[PDB]
file entry-v6.csv (CSV, C-alpha atoms and all ligand atoms)
chain,number,residue,atom,x,y,z
A,1,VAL,CA,-68.8,-21.1,-0.6
A,2,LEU,CA,-69.2,-18.8,-3.6
A,3,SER,CA,-72.5,-17.4,-4.9
A,4,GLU,CA,-73.6,-18.0,-8.5
A,5,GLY,CA,-72.8,-14.4,-9.4
A,6,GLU,CA,-69.4,-14.7,-7.9
A,7,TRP,CA,-68.7,-17.8,-10.1
A,8,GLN,CA,-70.0,-15.9,-13.1
A,9,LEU,CA,-67.5,-13.1,-12.5
A,10,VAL,CA,-64.7,-15.7,-12.0
A,11,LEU,CA,-65.5,-17.4,-15.3
A,12,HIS,CA,-66.2,-14.2,-17.1
A,13,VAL,CA,-62.6,-13.0,-16.5
A,14,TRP,CA,-61.3,-16.5,-17.2
A,15,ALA,CA,-62.8,-16.4,-20.7
A,16,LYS,CA,-60.6,-13.3,-21.2
A,17,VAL,CA,-57.6,-15.3,-19.9
A,18,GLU,CA,-58.3,-18.1,-22.5
A,19,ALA,CA,-57.8,-15.6,-25.4
A,20,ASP,CA,-54.1,-15.8,-24.6
A,21,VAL,CA,-53.4,-18.6,-22.1
A,22,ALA,CA,-49.7,-18.7,-23.0
A,23,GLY,CA,-49.1,-14.9,-22.4
A,24,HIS,CA,-51.1,-14.9,-19.2
A,25,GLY,CA,-49.1,-18.0,-18.0
A,26,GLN,CA,-45.7,-16.4,-18.8
A,27,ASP,CA,-46.8,-13.2,-16.9
A,28,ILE,CA,-48.0,-15.1,-13.9
A,29,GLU,CA,-44.9,-17.3,-13.8
A,30,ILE,CA,-42.5,-14.4,-14.1
A,31,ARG,CA,-44.4,-12.3,-11.6
A,32,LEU,CA,-44.2,-15.3,-9.2
A,33,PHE,CA,-40.4,-15.6,-9.6
A,34,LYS,CA,-39.8,-11.9,-9.3
A,35,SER,CA,-42.0,-11.3,-6.3
A,36,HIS,CA,-40.8,-14.3,-4.4
A,37,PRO,CA,-37.6,-15.7,-5.7
A,38,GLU,CA,-37.4,-18.7,-3.4
A,39,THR,CA,-40.2,-20.2,-5.6
A,40,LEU,CA,-37.9,-20.3,-8.6
A,41,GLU,CA,-35.7,-22.6,-6.6
A,42,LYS,CA,-38.4,-25.4,-6.9
A,43,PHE,CA,-37.8,-25.6,-10.7
A,44,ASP,CA,-34.7,-27.5,-11.6
A,45,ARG,CA,-35.6,-26.8,-15.3
A,46,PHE,CA,-36.2,-23.0,-15.0
A,47,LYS,CA,-33.8,-21.8,-12.2
A,48,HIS,CA,-31.1,-21.1,-14.8
A,49,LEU,CA,-33.2,-18.4,-16.5
A,50,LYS,CA,-31.7,-15.1,-15.1
A,51,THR,CA,-33.5,-12.1,-16.7
A,52,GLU,CA,-37.1,-11.4,-17.7
A,53,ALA,CA,-36.5,-11.8,-21.4
A,54,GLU,CA,-34.9,-15.2,-20.9
A,55,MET,CA,-38.1,-16.3,-19.1
A,56,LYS,CA,-40.2,-14.8,-21.9
A,57,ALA,CA,-38.1,-16.5,-24.6
A,58,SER,CA,-38.1,-20.0,-22.9
A,59,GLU,CA,-40.5,-22.1,-24.9
A,60,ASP,CA,-40.4,-24.6,-22.2
A,61,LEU,CA,-41.6,-22.2,-19.5
A,62,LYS,CA,-44.4,-21.0,-21.8
A,63,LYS,CA,-45.7,-24.5,-22.4
A,64,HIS,CA,-45.6,-25.2,-18.7
A,65,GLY,CA,-47.5,-22.0,-17.9
A,66,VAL,CA,-50.2,-23.1,-20.3
A,67,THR,CA,-50.3,-26.5,-18.5
A,68,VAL,CA,-50.7,-24.8,-15.1
A,69,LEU,CA,-53.4,-22.4,-16.3
A,70,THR,CA,-55.3,-25.2,-18.1
A,71,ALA,CA,-55.5,-27.2,-14.9
A,72,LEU,CA,-56.6,-24.2,-12.8
A,73,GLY,CA,-59.3,-23.2,-15.4
A,74,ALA,CA,-60.7,-26.7,-15.3
A,75,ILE,CA,-60.9,-26.5,-11.5
A,76,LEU,CA,-62.6,-23.0,-11.6
A,77,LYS,CA,-65.2,-24.2,-14.2
A,78,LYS,CA,-66.2,-26.9,-11.8
A,79,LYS,CA,-67.4,-24.0,-9.4
A,80,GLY,CA,-66.2,-25.8,-6.3
A,81,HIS,CA,-67.1,-29.3,-7.4
A,82,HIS,CA,-63.4,-30.0,-8.1
A,83,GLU,CA,-62.3,-33.0,-5.9
A,84,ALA,CA,-61.6,-35.2,-9.0
A,85,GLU,CA,-59.6,-32.4,-10.6
A,86,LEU,CA,-57.8,-31.4,-7.4
A,87,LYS,CA,-56.6,-34.7,-6.0
A,88,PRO,CA,-53.9,-35.3,-8.8
A,89,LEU,CA,-52.6,-31.8,-8.3
A,90,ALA,CA,-52.5,-32.4,-4.5
A,91,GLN,CA,-50.6,-35.7,-5.0
A,92,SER,CA,-47.9,-34.2,-7.2
A,93,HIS,CA,-47.5,-31.0,-5.3
A,94,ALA,CA,-47.5,-32.5,-1.8
A,95,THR,CA,-45.4,-35.7,-2.4
A,96,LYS,CA,-43.1,-34.6,-5.4
A,97,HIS,CA,-42.7,-30.8,-5.9
A,98,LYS,CA,-43.4,-30.1,-2.1
A,99,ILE,CA,-45.2,-26.8,-2.5
A,100,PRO,CA,-46.2,-25.2,0.7
A,101,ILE,CA,-49.6,-23.4,0.9
A,102,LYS,CA,-47.6,-20.1,1.1
A,103,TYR,CA,-46.3,-20.7,-2.3
A,104,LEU,CA,-49.9,-21.2,-3.3
A,105,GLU,CA,-50.8,-17.8,-1.7
A,106,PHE,CA,-47.8,-16.3,-3.6
A,107,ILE,CA,-49.1,-17.6,-7.0
A,108,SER,CA,-52.7,-16.5,-6.1
A,109,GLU,CA,-51.3,-13.0,-5.6
A,110,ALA,CA,-49.5,-13.3,-8.9
A,111,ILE,CA,-52.6,-14.4,-10.7
A,112,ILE,CA,-54.7,-11.6,-9.3
A,113,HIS,CA,-52.0,-9.1,-10.2
A,114,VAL,CA,-51.8,-10.2,-13.8
A,115,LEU,CA,-55.6,-10.3,-14.1
A,116,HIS,CA,-55.7,-6.8,-12.9
A,117,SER,CA,-52.9,-5.8,-15.1
A,118,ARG,CA,-54.5,-7.1,-18.3
A,119,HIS,CA,-58.2,-6.7,-17.6
A,120,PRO,CA,-59.0,-3.7,-15.2
A,121,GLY,CA,-62.3,-3.1,-17.0
A,122,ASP,CA,-63.3,-6.7,-16.2
A,123,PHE,CA,-61.7,-7.2,-12.8
A,124,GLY,CA,-63.0,-4.5,-10.5
A,125,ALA,CA,-63.7,-4.9,-6.8
A,126,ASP,CA,-66.4,-7.6,-7.1
A,127,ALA,CA,-64.7,-9.6,-9.8
A,128,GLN,CA,-61.5,-9.3,-7.8
A,129,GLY,CA,-63.1,-10.5,-4.5
A,130,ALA,CA,-64.9,-13.3,-6.4
A,131,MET,CA,-61.6,-14.5,-7.9
A,132,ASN,CA,-60.1,-14.1,-4.5
A,133,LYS,CA,-62.7,-16.4,-2.8
A,134,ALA,CA,-62.3,-18.9,-5.6
A,135,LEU,CA,-58.5,-19.2,-5.1
A,136,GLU,CA,-59.0,-19.2,-1.3
A,137,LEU,CA,-61.3,-22.2,-1.7
A,138,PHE,CA,-58.7,-23.9,-3.9
A,139,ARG,CA,-56.0,-23.3,-1.3
A,140,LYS,CA,-58.3,-24.6,1.6
A,141,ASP,CA,-59.3,-27.7,-0.2
A,142,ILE,CA,-55.9,-28.5,-1.5
A,143,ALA,CA,-54.4,-28.0,2.1
A,144,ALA,CA,-57.0,-30.6,3.4
A,145,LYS,CA,-55.7,-32.9,0.7
A,146,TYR,CA,-52.0,-32.3,1.4
A,147,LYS,CA,-52.8,-33.3,5.0
A,148,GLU,CA,-54.6,-36.5,3.9
A,149,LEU,CA,-51.4,-37.5,2.0
A,150,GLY,CA,-49.3,-36.8,5.1
A,151,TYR,CA,-47.8,-33.4,4.0
A,152,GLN,CA,-48.1,-30.6,6.5
A,153,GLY,CA,-46.9,-27.6,4.3
A,201,LIG,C1,-52.6,-22.5,-9.1
A,201,LIG,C2,-51.4,-23.0,-8.7
A,201,LIG,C3,-50.9,-24.2,-9.4
A,201,LIG,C4,-51.5,-25.1,-10.4
A,201,LIG,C5,-53.0,-25.1,-11.0
A,201,LIG,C6,-50.4,-26.0,-10.8
A,201,LIG,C7,-50.5,-27.1,-11.7
A,201,LIG,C8,-49.4,-27.8,-12.2
A,201,LIG,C9,-49.6,-28.8,-13.3
A,201,LIG,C10,-50.8,-29.1,-14.0
A,201,LIG,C11,-48.2,-29.3,-13.4
A,201,LIG,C12,-47.8,-30.4,-14.4
A,201,LIG,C13,-48.2,-31.7,-13.7
A,201,LIG,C14,-47.9,-31.8,-12.2
A,201,LIG,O1,-46.8,-32.0,-11.8
A,201,LIG,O2,-48.9,-31.8,-11.3
A,201,LIG,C15,-47.4,-28.6,-12.4
A,201,LIG,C16,-46.0,-28.9,-12.3
A,201,LIG,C17,-45.2,-28.3,-11.3
A,201,LIG,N1,-45.7,-27.4,-10.4
A,201,LIG,FE1,-47.4,-26.5,-10.1
A,201,LIG,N2,-49.3,-25.7,-10.1
A,201,LIG,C18,-49.4,-24.5,-9.3
A,201,LIG,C19,-48.8,-24.4,-8.0
A,201,LIG,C20,-47.3,-24.3,-7.9
A,201,LIG,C21,-46.5,-23.4,-7.0
A,201,LIG,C22,-47.0,-22.4,-6.1
A,201,LIG,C23,-45.1,-23.9,-7.4
A,201,LIG,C24,-43.8,-23.4,-6.9
A,201,LIG,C25,-43.6,-22.5,-6.0
A,201,LIG,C26,-45.3,-25.0,-8.5
A,201,LIG,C27,-44.2,-25.7,-9.2
A,201,LIG,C28,-44.6,-27.1,-9.5
A,201,LIG,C29,-43.4,-27.8,-10.0
A,201,LIG,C30,-42.1,-27.7,-9.3
A,201,LIG,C31,-43.8,-28.7,-11.1
A,201,LIG,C32,-42.9,-29.6,-12.0
A,201,LIG,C33,-42.5,-28.6,-13.0
A,201,LIG,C34,-41.7,-29.4,-14.0
A,201,LIG,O3,-40.5,-29.7,-13.8
A,201,LIG,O4,-42.2,-29.8,-15.2
A,201,LIG,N3,-46.5,-25.2,-8.8
A,201,LIG,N4,-48.0,-27.6,-11.6
A,202,MG,MG,-45.7,-23.5,-12.1

call {"tool": "encode", "arguments": {"input": "entry-v6.csv", "output": "structure tokens", "more": "lines below"}}
Ligand code: HEM
Ligand SMILES: [Mg+2]
result
Amino acid sequence: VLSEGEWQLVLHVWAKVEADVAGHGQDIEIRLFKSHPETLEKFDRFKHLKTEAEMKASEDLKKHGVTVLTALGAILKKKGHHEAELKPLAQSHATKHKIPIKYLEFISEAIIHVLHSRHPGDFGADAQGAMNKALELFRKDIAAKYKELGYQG
């Protein structure tokens, strides 16, 4: 469980994310694909993009990163009261896209790296631990949901 001040730190840096959701999404996507290329194999629509600039230029990748970050922000603003928001994301990612919890750890790393690379002044050691606990909770809860749907990833 997170404290109230932990959630405040989480939402305080997310308000900075929401100034440019599309650019944060591009960066987190591209950091995901570069740090762990097997993850790009899950995107039939994006695994033809070969260089960084092709990813940056893809309107279709940009839109999708806004979609990703919008759903995550909605989860974070529920401060752990996210079953309603999390179940659809569990359904699709367990039974359709088939995303193991490691891929979720990979993107949590990407998120924390981009957050630090755009907002150091606002993402020091407490904010960074608070965001870390929030994403840990998301990964724990969504793993329990994966299991409920019969997916062991
Ligand atoms: C914080 C983590 C994540 C959040 C909040 C998130 C959320 C979403 C949302 C809202 C969509 C569109 C609707 C849906 O299919 O559920 C989506 C699509 C998708 N997501 Fe995730 N997602 C992330 C985890 C991942 C990871 C780790 C991968 C791959 C390694 C991945 C790739 C999948 C794929 C393959 C689609 C379909 C993309 C398409 O063809 O349009 N996602 N994701
Ligand atoms: Mg994605």

call {"tool": "residues_around", "arguments": {"input": "entry-v6.csv", "residues": "residue 103 in chain A", "least_positions_apart": "4", "cutoff": "8 Å", "atoms": "all atoms listed in the file", "output": "PyMOL selection string"}}
result
chain A and resi 39+99+107

call {"tool": "residues_near_ligand", "arguments": {"input": "entry-v6.csv", "ligand": "ligand MG 202 (chain A)", "cutoff": "7 Å", "atoms": "all atoms listed in the file", "output": "ChimeraX atom specification"}}
result
/A:29,64-65,68

call {"tool": "closest_atom_pairs", "arguments": {"input": "entry-v6.csv", "of": "chain A", "to": "ligand LIG 201 (chain A)", "cutoff": "10 Å", "atoms": "only C-alpha atoms and all ligand atoms", "output": "CSV"}}
result
residue,atom,partner,partner_atom,distance
A:28,CA,A:LIG201,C1,9.9
A:29,CA,A:LIG201,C23,9.2
A:32,CA,A:LIG201,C25,7.9
A:33,CA,A:LIG201,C25,8.4
A:36,CA,A:LIG201,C25,8.8
A:37,CA,A:LIG201,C25,9.1
A:38,CA,A:LIG201,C25,7.7
A:39,CA,A:LIG201,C25,4.1
A:40,CA,A:LIG201,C25,6.6
A:41,CA,A:LIG201,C25,7.9
A:42,CA,A:LIG201,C30,5.0
A:43,CA,A:LIG201,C30,5.0
A:44,CA,A:LIG201,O3,6.6
A:45,CA,A:LIG201,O3,5.9
A:46,CA,A:LIG201,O3,8.1
A:60,CA,A:LIG201,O4,8.9
A:61,CA,A:LIG201,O4,8.8
A:63,CA,A:LIG201,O4,9.6
A:64,CA,A:LIG201,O4,6.7
A:65,CA,A:LIG201,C8,8.4
A:66,CA,A:LIG201,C10,8.7
A:67,CA,A:LIG201,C10,5.2
A:68,CA,A:LIG201,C7,4.1
A:69,CA,A:LIG201,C5,6.0
A:70,CA,A:LIG201,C10,7.2
A:71,CA,A:LIG201,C5,5.1
A:72,CA,A:LIG201,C5,4.1
A:73,CA,A:LIG201,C5,7.9
A:74,CA,A:LIG201,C5,9.0
A:75,CA,A:LIG201,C5,8.0
A:76,CA,A:LIG201,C5,9.8
A:85,CA,A:LIG201,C5,9.8
A:86,CA,A:LIG201,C5,8.7
A:87,CA,A:LIG201,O2,9.8
A:88,CA,A:LIG201,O2,6.6
A:89,CA,A:LIG201,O2,4.8
A:90,CA,A:LIG201,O2,7.7
A:91,CA,A:LIG201,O2,7.6
A:92,CA,A:LIG201,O2,4.9
A:93,CA,A:LIG201,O2,6.2
A:94,CA,A:LIG201,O2,9.6
A:96,CA,A:LIG201,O1,7.8
A:97,CA,A:LIG201,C30,4.6
A:98,CA,A:LIG201,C30,7.7
A:99,CA,A:LIG201,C23,5.7
A:100,CA,A:LIG201,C22,7.4
A:101,CA,A:LIG201,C22,7.5
A:102,CA,A:LIG201,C22,7.6
A:103,CA,A:LIG201,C22,4.2
A:104,CA,A:LIG201,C22,4.2
A:105,CA,A:LIG201,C22,7.4
A:106,CA,A:LIG201,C22,6.6
A:107,CA,A:LIG201,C22,5.3
A:108,CA,A:LIG201,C1,6.7
A:110,CA,A:LIG201,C1,9.7
A:111,CA,A:LIG201,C1,8.3
A:135,CA,A:LIG201,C1,7.9
A:138,CA,A:LIG201,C1,8.1
A:139,CA,A:LIG201,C1,8.5

call {"tool": "write_last_selection", "arguments": {"input": "entry-v6.csv", "atoms": "C-alpha atoms", "output": "PDB file, keeping the file's coordinate frame"}}
result
ATOM      1  CA  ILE A  28     -48.000 -15.100 -13.900  1.00  0.00           C
ATOM      2  CA  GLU A  29     -44.900 -17.300 -13.800  1.00  0.00           C
ATOM      3  CA  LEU A  32     -44.200 -15.300  -9.200  1.00  0.00           C
ATOM      4  CA  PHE A  33     -40.400 -15.600  -9.600  1.00  0.00           C
ATOM      5  CA  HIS A  36     -40.800 -14.300  -4.400  1.00  0.00           C
ATOM      6  CA  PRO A  37     -37.600 -15.700  -5.700  1.00  0.00           C
ATOM      7  CA  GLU A  38     -37.400 -18.700  -3.400  1.00  0.00           C
ATOM      8  CA  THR A  39     -40.200 -20.200  -5.600  1.00  0.00           C
ATOM      9  CA  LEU A  40     -37.900 -20.300  -8.600  1.00  0.00           C
ATOM     10  CA  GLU A  41     -35.700 -22.600  -6.600  1.00  0.00           C
ATOM     11  CA  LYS A  42     -38.400 -25.400  -6.900  1.00  0.00           C
ATOM     12  CA  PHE A  43     -37.800 -25.600 -10.700  1.00  0.00           C
ATOM     13  CA  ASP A  44     -34.700 -27.500 -11.600  1.00  0.00           C
ATOM     14  CA  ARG A  45     -35.600 -26.800 -15.300  1.00  0.00           C
ATOM     15  CA  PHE A  46     -36.200 -23.000 -15.000  1.00  0.00           C
ATOM     16  CA  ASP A  60     -40.400 -24.600 -22.200  1.00  0.00           C
ATOM     17  CA  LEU A  61     -41.600 -22.200 -19.500  1.00  0.00           C
ATOM     18  CA  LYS A  63     -45.700 -24.500 -22.400  1.00  0.00           C
ATOM     19  CA  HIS A  64     -45.600 -25.200 -18.700  1.00  0.00           C
ATOM     20  CA  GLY A  65     -47.500 -22.000 -17.900  1.00  0.00           C
ATOM     21  CA  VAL A  66     -50.200 -23.100 -20.300  1.00  0.00           C
ATOM     22  CA  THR A  67     -50.300 -26.500 -18.500  1.00  0.00           C
ATOM     23  CA  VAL A  68     -50.700 -24.800 -15.100  1.00  0.00           C
ATOM     24  CA  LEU A  69     -53.400 -22.400 -16.300  1.00  0.00           C
ATOM     25  CA  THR A  70     -55.300 -25.200 -18.100  1.00  0.00           C
ATOM     26  CA  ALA A  71     -55.500 -27.200 -14.900  1.00  0.00           C
ATOM     27  CA  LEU A  72     -56.600 -24.200 -12.800  1.00  0.00           C
ATOM     28  CA  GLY A  73     -59.300 -23.200 -15.400  1.00  0.00           C
ATOM     29  CA  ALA A  74     -60.700 -26.700 -15.300  1.00  0.00           C
ATOM     30  CA  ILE A  75     -60.900 -26.500 -11.500  1.00  0.00           C
ATOM     31  CA  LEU A  76     -62.600 -23.000 -11.600  1.00  0.00           C
ATOM     32  CA  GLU A  85     -59.600 -32.400 -10.600  1.00  0.00           C
ATOM     33  CA  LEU A  86     -57.800 -31.400  -7.400  1.00  0.00           C
ATOM     34  CA  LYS A  87     -56.600 -34.700  -6.000  1.00  0.00           C
ATOM     35  CA  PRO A  88     -53.900 -35.300  -8.800  1.00  0.00           C
ATOM     36  CA  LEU A  89     -52.600 -31.800  -8.300  1.00  0.00           C
ATOM     37  CA  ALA A  90     -52.500 -32.400  -4.500  1.00  0.00           C
ATOM     38  CA  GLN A  91     -50.600 -35.700  -5.000  1.00  0.00           C
ATOM     39  CA  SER A  92     -47.900 -34.200  -7.200  1.00  0.00           C
ATOM     40  CA  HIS A  93     -47.500 -31.000  -5.300  1.00  0.00           C
ATOM     41  CA  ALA A  94     -47.500 -32.500  -1.800  1.00  0.00           C
ATOM     42  CA  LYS A  96     -43.100 -34.600  -5.400  1.00  0.00           C
ATOM     43  CA  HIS A  97     -42.700 -30.800  -5.900  1.00  0.00           C
ATOM     44  CA  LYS A  98     -43.400 -30.100  -2.100  1.00  0.00           C
ATOM     45  CA  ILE A  99     -45.200 -26.800  -2.500  1.00  0.00           C
ATOM     46  CA  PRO A 100     -46.200 -25.200   0.700  1.00  0.00           C
ATOM     47  CA  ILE A 101     -49.600 -23.400   0.900  1.00  0.00           C
ATOM     48  CA  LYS A 102     -47.600 -20.100   1.100  1.00  0.00           C
ATOM     49  CA  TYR A 103     -46.300 -20.700  -2.300  1.00  0.00           C
ATOM     50  CA  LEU A 104     -49.900 -21.200  -3.300  1.00  0.00           C
ATOM     51  CA  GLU A 105     -50.800 -17.800  -1.700  1.00  0.00           C
ATOM     52  CA  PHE A 106     -47.800 -16.300  -3.600  1.00  0.00           C
ATOM     53  CA  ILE A 107     -49.100 -17.600  -7.000  1.00  0.00           C
ATOM     54  CA  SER A 108     -52.700 -16.500  -6.100  1.00  0.00           C
ATOM     55  CA  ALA A 110     -49.500 -13.300  -8.900  1.00  0.00           C
ATOM     56  CA  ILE A 111     -52.600 -14.400 -10.700  1.00  0.00           C
ATOM     57  CA  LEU A 135     -58.500 -19.200  -5.100  1.00  0.00           C
ATOM     58  CA  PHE A 138     -58.700 -23.900  -3.900  1.00  0.00           C
ATOM     59  CA  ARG A 139     -56.000 -23.300  -1.300  1.00  0.00           C
TER      60      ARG A 139
END

call {"tool": "closest_residue", "arguments": {"input": "entry-v6.csv", "among": "A:22, A:149, A:125, A:134", "to": "residue 82 in chain A", "atoms": "only C-alpha atoms"}}
result
A:134

call {"tool": "atom_distance", "arguments": {"input": "entry-v6.csv", "atom1": "CA of residue 80 in chain A", "atom2": "CA of residue 2 in chain A"}}
result
8.1 Å

call {"tool": "closest_residue", "arguments": {"input": "entry-v6.csv", "among": "A:109, A:148, A:126, A:83", "to": "residue 6 in chain A", "atoms": "only C-alpha atoms"}}
result
A:126

call {"tool": "atom_distance", "arguments": {"input": "entry-v6.csv", "atom1": "CA of residue 17 in chain A", "atom2": "CA of residue 117 in chain A"}}
result
11.6 Å

call {"tool": "closest_residue", "arguments": {"input": "entry-v6.csv", "among": "A:34, A:131, A:136, A:81", "to": "residue 12 in chain A", "atoms": "all atoms listed in the file"}}
result
A:131

call {"tool": "closest_residue", "arguments": {"input": "entry-v6.csv", "among": "A:152, A:48, A:53, A:79", "to": "residue 95 in chain A", "atoms": "all atoms listed in the file"}}
result
A:152

call {"tool": "atom_distance", "arguments": {"input": "entry-v6.csv", "atom1": "CA of residue 137 in chain A", "atom2": "CA of residue 3 in chain A"}}
result
12.6 Å

call {"tool": "closest_residue", "arguments": {"input": "entry-v6.csv", "among": "A:25, A:143, A:35, A:4", "to": "residue 55 in chain A", "atoms": "only C-alpha atoms"}}
result
A:25

call {"tool": "residues_around", "arguments": {"input": "entry-v6.csv", "residues": "residue 115 in chain A", "least_positions_apart": "3", "cutoff": "12 Å", "atoms": "all atoms listed in the file", "output": "ChimeraX atom specification"}}
result
/A:10,12-18,20-21,23-25,27-28,31,108-112,118-124,127-128,131-132

call {"tool": "closest_residue", "arguments": {"input": "entry-v6.csv", "among": "A:84, A:56, A:50, A:129", "to": "residue 142 in chain A", "atoms": "all atoms listed in the file"}}
result
A:84

call {"tool": "decode", "arguments": {"input": "entry-v6.csv", "residues": "range 29-85 of chain A", "atoms": "C-alpha atoms", "output": "PDB file, in the first residue's frame"}}
result
ATOM      1  CA  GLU A  29       7.724   3.397 -26.255  1.00  0.00           C
ATOM      2  CA  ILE A  30      11.051   3.976 -27.966  1.00  0.00           C
ATOM      3  CA  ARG A  31      12.991   3.369 -24.728  1.00  0.00           C
ATOM      4  CA  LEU A  32      11.034   0.098 -24.330  1.00  0.00           C
ATOM      5  CA  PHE A  33      11.882  -1.095 -27.859  1.00  0.00           C
ATOM      6  CA  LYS A  34      15.565  -0.104 -27.579  1.00  0.00           C
ATOM      7  CA  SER A  35      16.221  -1.522 -24.126  1.00  0.00           C
ATOM      8  CA  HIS A  36      14.385  -4.787 -24.744  1.00  0.00           C
ATOM      9  CA  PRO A  37      13.878  -5.442 -28.456  1.00  0.00           C
ATOM     10  CA  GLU A  38      11.876  -8.658 -27.985  1.00  0.00           C
ATOM     11  CA  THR A  39       9.002  -6.377 -26.832  1.00  0.00           C
ATOM     12  CA  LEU A  40       8.769  -4.799 -30.302  1.00  0.00           C
ATOM     13  CA  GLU A  41       8.023  -8.272 -31.683  1.00  0.00           C
ATOM     14  CA  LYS A  42       4.581  -8.024 -29.973  1.00  0.00           C
ATOM     15  CA  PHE A  43       3.506  -5.148 -32.283  1.00  0.00           C
ATOM     16  CA  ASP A  44       2.571  -6.354 -35.725  1.00  0.00           C
ATOM     17  CA  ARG A  45       1.854  -2.673 -36.585  1.00  0.00           C
ATOM     18  CA  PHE A  46       5.179  -1.229 -35.327  1.00  0.00           C
ATOM     19  CA  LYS A  47       7.824  -3.938 -35.804  1.00  0.00           C
ATOM     20  CA  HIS A  48       8.617  -2.590 -39.281  1.00  0.00           C
ATOM     21  CA  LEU A  49       9.876   0.732 -37.775  1.00  0.00           C
ATOM     22  CA  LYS A  50      13.675   0.373 -37.866  1.00  0.00           C
ATOM     23  CA  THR A  51      15.355   3.561 -36.553  1.00  0.00           C
ATOM     24  CA  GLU A  52      14.565   6.071 -33.826  1.00  0.00           C
ATOM     25  CA  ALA A  53      13.344   8.778 -36.217  1.00  0.00           C
ATOM     26  CA  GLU A  54      10.941   6.336 -37.902  1.00  0.00           C
ATOM     27  CA  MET A  55       9.375   5.639 -34.529  1.00  0.00           C
ATOM     28  CA  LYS A  56       9.240   9.383 -33.715  1.00  0.00           C
ATOM     29  CA  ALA A  57       7.645  10.090 -37.116  1.00  0.00           C
ATOM     30  CA  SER A  58       4.987   7.356 -36.884  1.00  0.00           C
ATOM     31  CA  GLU A  59       1.696   9.094 -36.136  1.00  0.00           C
ATOM     32  CA  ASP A  60       0.266   5.698 -35.381  1.00  0.00           C
ATOM     33  CA  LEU A  61       2.841   4.911 -32.682  1.00  0.00           C
ATOM     34  CA  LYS A  62       2.327   8.391 -31.152  1.00  0.00           C
ATOM     35  CA  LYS A  63      -1.444   7.957 -30.908  1.00  0.00           C
ATOM     36  CA  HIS A  64      -0.983   4.528 -29.356  1.00  0.00           C
ATOM     37  CA  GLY A  65       1.406   5.892 -26.717  1.00  0.00           C
ATOM     38  CA  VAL A  66      -1.160   8.519 -25.785  1.00  0.00           C
ATOM     39  CA  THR A  67      -3.671   5.664 -25.437  1.00  0.00           C
ATOM     40  CA  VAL A  68      -1.300   3.699 -23.168  1.00  0.00           C
ATOM     41  CA  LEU A  69      -0.437   6.660 -20.932  1.00  0.00           C
ATOM     42  CA  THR A  70      -4.074   7.780 -20.677  1.00  0.00           C
ATOM     43  CA  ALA A  71      -5.109   4.377 -19.317  1.00  0.00           C
ATOM     44  CA  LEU A  72      -2.122   4.274 -16.894  1.00  0.00           C
ATOM     45  CA  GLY A  73      -2.847   7.801 -15.633  1.00  0.00           C
ATOM     46  CA  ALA A  74      -6.463   6.854 -14.975  1.00  0.00           C
ATOM     47  CA  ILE A  75      -5.215   3.874 -12.943  1.00  0.00           C
ATOM     48  CA  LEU A  76      -2.721   6.016 -10.950  1.00  0.00           C
ATOM     49  CA  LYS A  77      -5.341   8.659 -10.130  1.00  0.00           C
ATOM     50  CA  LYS A  78      -7.460   5.948  -8.597  1.00  0.00           C
ATOM     51  CA  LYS A  79      -4.659   5.619  -5.894  1.00  0.00           C
ATOM     52  CA  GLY A  80      -4.889   1.821  -5.772  1.00  0.00           C
ATOM     53  CA  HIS A  81      -8.697   1.663  -6.142  1.00  0.00           C
ATOM     54  CA  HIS A  82      -8.307   0.531  -9.749  1.00  0.00           C
ATOM     55  CA  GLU A  83     -10.004  -2.859 -10.156  1.00  0.00           C
ATOM     56  CA  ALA A  84     -12.602  -1.420 -12.603  1.00  0.00           C
ATOM     57  CA  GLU A  85      -9.879   0.236 -14.653  1.00  0.00           C
TER      58      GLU A  85
END
